[PDB]
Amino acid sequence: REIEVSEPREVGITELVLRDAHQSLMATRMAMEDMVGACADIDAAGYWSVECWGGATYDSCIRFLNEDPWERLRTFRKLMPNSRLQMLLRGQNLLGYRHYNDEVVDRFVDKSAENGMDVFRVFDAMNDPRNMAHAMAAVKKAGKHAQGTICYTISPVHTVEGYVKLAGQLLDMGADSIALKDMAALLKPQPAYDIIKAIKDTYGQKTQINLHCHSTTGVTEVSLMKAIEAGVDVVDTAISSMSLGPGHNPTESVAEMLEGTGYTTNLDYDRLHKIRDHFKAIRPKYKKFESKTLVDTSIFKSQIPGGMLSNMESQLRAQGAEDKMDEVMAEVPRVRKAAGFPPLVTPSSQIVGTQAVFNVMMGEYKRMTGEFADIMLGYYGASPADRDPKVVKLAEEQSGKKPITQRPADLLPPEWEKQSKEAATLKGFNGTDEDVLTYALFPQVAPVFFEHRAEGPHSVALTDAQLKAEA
């Protein structure tokens, strides 16, 4: 019995400590002040890229830290001059709350690249390539690296062949590399090997694939080893003092585990040690935002991500039917199916979760939320599988909207000029496209932020004094 493994080679590593690590472990509340001190070492560690922007950090900066996201980007570009900066961008949704007209996507990408972003990991919650298409083109126009993304999930319609097809569609829209995202740590070892190998066998060894796995279920570092045996080019990790739990596998652990296998990373262990210790000293200040579960494999049976489960709980707590949780968890699968089995990541997870609670309370689709209606009617794009025509009809007969099947942005009219005018009437607006984008992405937060931005970035973390006083 034998297993074919890739030839001895160097495996690239993407550090997530500056973005996804704290987004996953301390609600994206990491203050810029607590990160800049590790930039010099991070820049000289030897990482393939440094994820430090995008995701929920834009929202967090303006909503909780009174920090300008564009200033964070500029500072990181300046303190890590020799590194490839990387961000996560939700396609046509950008970092916003809805799909935007193509010109807004163009502006955003152009300004991101202009301010220093090198690698753009573009993804769509439902894996609809059409929603990633324009952002990808904008990234290529800016001469930057376009990383098309495949959100991994487990469902009756997701298969290896299905993932290989998506990889092809991403390569067809000019992807420079393919990212396999596993936000819920659902990727097991064998599937990791099979999917990576199938993509490499189908499109060629030159096809660059970056694997992003969280450690929530505790099985993905083994998946990382299997992905490396299958030939994956780069794997995402988080410095050891900011890893595990709903976060990611440890950078140092992944580097150390390869000794003697023929595979290696070229990270500087001394630099890694300094970055570790830097965050180990700072992490305690964020205890009020930490999660309390290091390993949870329940999703392999329920299909429900811990985050999604908590939300439904709170929704079943604030109403009075905490007794129907076992019923809700049984309803979710049915709602997911009806919606076409979309991956259960934001926002699909909230939409499916909330609708599941309604069906239990008010009754079988008796009342559909505005979001669920939009998903069923195709306003978020195509689903991995065909949506239940019966539930679709009900959505149409309850929202008054006609079902659509083409890229949603095709219906969106130009809005930049409209956004610029409205933004320019806000006290604090600095007249840059960056600020207009801030208003376009977060209309209800931009006002307050522009007004207080002059006060400078803050921190919602405990102070050393508060740490001591508490101890």
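Don't overthink the numbering: it's just position in the shown sequence, from 1.
Participant: Which has the higher mean CA temperature factor in the PDB entry, 305-313 or 291-299?
Facilitator: Of 305-313 and 291-299, the stretch with the higher C-alpha B-factor average is 305-313.
Participant: Between 376-384 and 353-361, which has the higher average C-alpha B-factor in the PDB entry?
Facilitator: 353-361 has the higher mean C-alpha B-factor.
Participant: I'd like to know which of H248, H278, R107, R336 has the highest C-alpha temperature factor in the PDB entry.
Facilitator: So the option with the highest C-alpha B-factor is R336.
Participant: Which one of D41, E33, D68, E417 shows the top CA temperature factor in the record?
Facilitator: Top of the list by C-alpha B-factor: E417.
Participant: Ordered by C-alpha B-factor within the chain, which third holds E229? Give me lowest, middle or highest, please.
Facilitator: Tercile = lowest for this residue's CA B-factor.
Participant: Could you place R283 in the lowest, middle or highest third of its chain by Cα temperature factor, using the values in the record?
Facilitator: CA B-factor rank for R283: lowest third.
Participant: Taking the entry's C-alpha B-factors for this chain, is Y203 in the lowest, middle or highest third?
Facilitator: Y203: CA B-factor falls in the middle third of its chain.
Participant: Hey, what third does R63 fall into on Cα B-factor, ranked over its chain?
Facilitator: According to the entry, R63 has a C-alpha B-factor in the chain's middle third.
Participant: For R29, does the deposited CA B-factor place it in the lowest, middle or highest third of the chain?
Facilitator: Its C-alpha B-factor, which the entry lists for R29, ranks in the lowest third among residues of this chain.
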